[PDB]
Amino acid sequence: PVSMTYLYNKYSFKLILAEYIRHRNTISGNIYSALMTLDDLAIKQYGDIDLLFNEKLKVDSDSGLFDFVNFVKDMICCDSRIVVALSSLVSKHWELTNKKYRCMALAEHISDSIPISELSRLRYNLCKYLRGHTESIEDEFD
């Protein structure tokens, strides 16, 4: 799922977000490489991500999935680009750690939990970056 046609409505944009989160580790296509640039914001919000994951959220634990989601729940409304970056990074970690099943479990929930108006905003700013109007994926409302 790589065509820009997936960017035009809420369902197929959710699919793209879900696919990015599930498969961050191995996924190819410009939409995804663009979304990767969101890491930078996640790093600015929290600091060292490895520290966030290994010492603070304890993401390798039997409860990592739920603790992570819980940590990120107020953010999905406020600023979805932080939570998709962070969700994609944790997913990658779980993938490389033989817990793929969490990748899927997280991706479906986070993508479907982003409120529709925040989702509209994300795609607006995504598309602006993707067609070259903006140096980075911003957070303007239309």
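Residue indices: 1-based, along the sequence shown.
As listed in the deposited structure, the average C-alpha B-factor of 31-39 and of 56-64 is greater for 56-64. The stretch with the higher mean CA B factor, choosing between 69-77 and 102-110, is 69-77. Compared with the other modelled residues of the chain, the Cα B-factor recorded for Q45 ranks in the highest third. Split the chain's modelled residues into thirds by C-alpha temperature factor. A85 is in the lowest one.
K10: CA B factor lies in the middle third for its chain, per the PDB record.
Compared with the other modelled residues of the chain, the Cα B-factor recorded for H133 ranks in the highest third.
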